[PDB]
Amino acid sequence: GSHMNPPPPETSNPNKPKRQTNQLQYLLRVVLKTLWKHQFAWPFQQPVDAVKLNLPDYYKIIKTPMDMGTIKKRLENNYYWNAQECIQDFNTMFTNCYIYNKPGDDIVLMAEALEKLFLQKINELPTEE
């Protein structure tokens, strides 16, 4: 894509420690699956294209971008060490939306719907086995 968008967050790195846990499996099979198919997921399914959206300040404001396409690939590629690393990426995605956009805005209402669902599912994250 455009040189004015940053490289997306990495989804592979042989230097990073990785493991599968039952909590990470739940984050893929239950949490990400649930959020991904929601009516309001689409703005979150890939990195923000600030060029296409005509938002040239987006990567000046948001210095820790994150999206669910990145999270999906990180889960599928077993990139994470633990559930906390994955939960933080979801938390980062939601907070970026709330920092960059205004309380009334369509994208904020969309994020809030996804976040409500996320919280329902994380409250049920299984005991680590």
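Numbering starts at 1 and follows the sequence shown. Under this definition, the rigid core comprises the largest set of C-alpha atoms superposing within 1.5 Å between the forms.
Which of the two stretches, 113-121 or 16-24, moves more in 7 other deposited structures of this protein when the core is held fixed, judged by C-alpha RMS distance? This comes out as 16-24, the stretch further from the shown form in 7 other deposited structures of this protein.
Using only the Cα atoms and their B-factors as the entry lists them, report which of 25-33 and 91-99 averages higher. Per the PDB record, 25-33.
Between 36-44 and 80-88, which has the larger average Cα B-factor in the PDB entry? Averaged over C-alpha atoms, the B-factors run higher in 36-44.
Which third of the chain does residue 122 land in by C-alpha B-factor: lowest, middle or highest? According to the entry, residue 122 has a C-alpha B-factor in the chain's highest third.
For residue 54, return the chain-relative third of its C-alpha B-factor as stated in the PDB record: lowest, middle or highest. According to the entry, residue 54 has a C-alpha B-factor in the chain's highest third.
Please rank the C-alpha B-factors of the chain's modelled residues and tell me whether residue 6 sits in the lowest, middle or highest third. For residue 6, whose C-alpha B-factor we compare with every modelled residue in the chain, the answer is the lowest third.
Among modelled residues of the same chain, the CA temperature factor third for residue 63: As the PDB entry reports it, the C-alpha B-factor of residue 63 lands in the middle third of its chain.
Looking at the C-alpha B-factor of residue 72, is it in the lowest, middle or highest third of its chain? CA B-factor rank for residue 72: middle third.
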